[PDB]
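Single chain ahead, by itself, as structure tokens, in the form deposited without this ligand.
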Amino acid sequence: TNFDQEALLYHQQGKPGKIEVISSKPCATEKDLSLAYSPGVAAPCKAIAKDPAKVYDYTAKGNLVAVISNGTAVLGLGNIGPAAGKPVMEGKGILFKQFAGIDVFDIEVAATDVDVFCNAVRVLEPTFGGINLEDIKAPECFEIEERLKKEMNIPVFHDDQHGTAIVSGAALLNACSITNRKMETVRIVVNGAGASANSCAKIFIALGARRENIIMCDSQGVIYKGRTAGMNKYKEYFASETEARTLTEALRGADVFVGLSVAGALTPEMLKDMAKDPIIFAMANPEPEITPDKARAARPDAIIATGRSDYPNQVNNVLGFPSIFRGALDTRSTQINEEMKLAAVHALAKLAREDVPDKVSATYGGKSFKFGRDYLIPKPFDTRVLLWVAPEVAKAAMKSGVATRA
């Protein structure tokens, strides 16, 4: 592939890799360095020793996020290990900087055991304003995030778990609005039991969907209570009463399909029997469960969102984590909690309803967007997102009492 070669050269050329650490202050003279280092640097140390909160005033902590991975689930490459994941973590860090102005240290950790990983990461707390866990396989990632959120007094957030849920939650909110639907009666079917599956269900319920209206499926079919095969602690929580056992049966009359599976997992027949104006999230990648065209060919009333920037309504994680961490950092929050995640969902949804500015159109080739079936969420390169979402997260942090700065 010529594109793979372009990517290798991109990384290899010039300064190897994609990041550089620079000084934000003058550091060229004896005088400069008498402040940046000994003896002047003793002064902020002594201030922080006396008043711990001042670490946020004299260091980069308040704008510094760790992107931390053990490389056990890198993109779609699987368990390739910490060093091979480093380009991805450097790149995630680039997204933080470009979209939120947040500085990132990417940390690749050679630990696969949950408790070993956690015991190594938790003692890094003094360094960072927040932790973005990335590309850790399930189920370890559930246990790791849960334990670090309890042990650490700074935000801990696994974006692979929650980003899809937050952004698709906002799209689902708008899709329901457009089709005169109330969340408490919407029937949702989730296909796939990966890292982001459960979080989708939790966010949808937080948006007012009912637990009984959600059916989760995996490779073996419907996850029903009593099922034992392929089961575990996490699949068990959202296990359903439904008499359905296959995805085909679960989808009959369903309103929403959340696809976190493989291409072709959604067929015209399943589509045939969904409720009118079906809402389809085809998040499998590289290839969606079904293309927008093949979907509308079978059901012209179908509303569709995918993980791809080729098609309308791209569910892109970059719409979530930059603003969420920006709001958390700005309030020096000790957590990113469900209230802050929900605030991001509603803000994203509300932004899509606004008029789309000229330069957004300009950015996307003169294409005109207006709120509807073809425009349910903001575009990823819409610069309004940070301005719209981060303050709502900040407000939610203050309201829920996890903010430590007004």
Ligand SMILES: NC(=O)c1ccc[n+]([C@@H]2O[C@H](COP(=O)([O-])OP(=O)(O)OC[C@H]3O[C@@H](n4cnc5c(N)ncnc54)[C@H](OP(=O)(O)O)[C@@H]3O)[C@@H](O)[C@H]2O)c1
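One-based numbering along the sequence shown.
Which has the higher mean CA temperature factor in the PDB entry, 392-400 or 9-17?
Higher mean C-alpha B-factor in the PDB entry: 392-400.
Which has higher Cα B-factors on average according to the PDB entry: 219-227 or 67-75?
Comparing 67-75 with 219-227, the higher mean C-alpha B-factor belongs to 219-227.
Just to confirm, going by the entry's C-alpha B-factors, which of 144, 274, 258, 110 comes out highest?
Among 144, 274, 258, 110, the highest C-alpha B-factor in the entry belongs to 274.
Among 178, 102, 148, 116, where is the Cα temperature factor highest, going by the PDB entry?
Among 178, 102, 148, 116, the highest C-alpha B-factor in the entry belongs to 178.
Going by the recorded CA B-factors, say which third of the chain residue 337 sits in, lowest, middle or highest.
Answer is middle: the recorded C-alpha B-factor places it there.
In terms of the CA temperature factor given in the entry, to which third of its chain does residue 132 belong: lowest, middle or highest?
Residue 132: CA B-factor falls in the lowest third of its chain.
Would you please rank residue 158 by its C-alpha temperature factor against the other modelled residues of its chain and give the third it falls in: lowest, middle or highest?
Answer is lowest: the recorded C-alpha B-factor places it there.
Thinking about Cα B factors across the chain, which third does residue 346 belong to?
As the PDB entry reports it, the C-alpha B-factor of residue 346 lands in the middle third of its chain.
Compare the C-alpha B factor of residue 125 with those of the other modelled residues in its chain, then answer lowest, middle or highest third.
Within its chain, residue 125 is a lowest-third residue by C-alpha B-factor, going by the deposited values.
A second form of this protein, the form solved in complex with this ligand, is not displayed here; the remarks below concern that form.
Can any non-hydrogen atom of residue 262 be found within 4.5 angstroms of this ligand in the deposited complex?
Contact with this ligand, yes.
Any of the heavy atoms of residue 88 lying within 4.5 Å of this ligand in the deposited complex?
Heavy-atom contact with this ligand at 4.5 Å: absent for residue 88.
Answer for residue 192 alone: is it within 4.5 Å of this ligand in the deposited complex, judged on heavy atom distances?
Judged by the heavy-atom cut-off of 4.5 Å, residue 192 is in contact with this ligand in the deposited complex.
For residue 108, is any heavy atom within 4.5 Å of this ligand in the deposited complex, or not?
Output for residue 108 is no: heavy atoms all beyond 4.5 Å of this ligand.
Among 273-281, 212-220, 118-126, 93-101, mark the stretch whose residues have heavy atoms within 4.5 Å of this ligand in the deposited complex.
Only one stretch passes the 4.5 Å heavy-atom test: 212-220.
Which residue, 313, 323, 132, 196, has a heavy atom that falls within 4.5 Å of this ligand in the deposited complex?
Going through each option in turn, the one that passes is 196.
This ligand isn't shown here, but in the deposited complex which of 240, 317, 331, 335 has a heavy atom within 4.5 Å of it?
None of the others qualify; the residue that does is 317.
Within 4.5 Å of this ligand in the deposited complex, counting any non-hydrogen atom, which residues from 132-162 show up?
Going through 132-162 in order - heavy atoms within 4.5 Å of this ligand in the deposited complex - there is one hit, 138.
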